[PDB]
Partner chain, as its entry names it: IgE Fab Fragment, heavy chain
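In the block that follows, a single chain appears as structure tokens, in the form deposited without its partner chain.
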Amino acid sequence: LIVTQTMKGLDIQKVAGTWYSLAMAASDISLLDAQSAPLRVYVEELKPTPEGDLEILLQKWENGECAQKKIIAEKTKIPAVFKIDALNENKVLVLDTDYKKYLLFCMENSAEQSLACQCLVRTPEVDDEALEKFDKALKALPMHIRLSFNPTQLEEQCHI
């Protein structure tokens, strides 16, 4: 637990729909520095299942192509926290969302930390306010790389 910022009162049904990865940050440069860096994932769509799990549609540059990936994040007893299947089993946390304009989330390793966060917005627009929130959520965290994307890039697959 490096991330001690979770959304109280979260209803994942309302995070449904389209999102744009406006900004990203990570604890290690190599997590985000290249198109094919392991945590450079661009969120396309959130699908909350009836059960309350969270499917995630994303783009990730893998073999020189911009590939479509589907990720299932399984709900926990904490409504703001979800779990993905991997060797280390990675944790997704929702820090803050207004549902209508922005959503802030981080992904973190159970063990070693290793951490990346994103500022998601609904439309291809530089939302100053939400970036402020993201920045303020960042100061508490040991980030060493930050990226942010313009409205042109936001409309391209893998933000090209």
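Residue numbers count along the first chain shown, from 1. Each form is matched to the other, and the largest set of C-alpha atoms that superpose within 1.5 Å is called the rigid core. Shifts are known only where both forms have a C-alpha.
The following text describes the form solved in complex with its partner chain, which does not appear among the structures shown.
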*asked:* Contact check in the deposited complex: 19, 43 and 125 versus its partner chain, with a cutoff of 4.5 Å between any heavy atoms. Do all three pass?
replied: yes
*Wondering, does residue 154 line up within 4.5 Å of its partner chain in the deposited complex on heavy atoms?*
yes
*Please say whether, between this form and the one not shown, the C-alpha of residue 76 moves by 2 Å or more once the core is aligned.*
no
*Looking only at residues in both forms, which consecutive runs of at least three have C-alphas displaced 2 Å or more between this form and the one not shown after fitting the rigid core?*
86 to 88
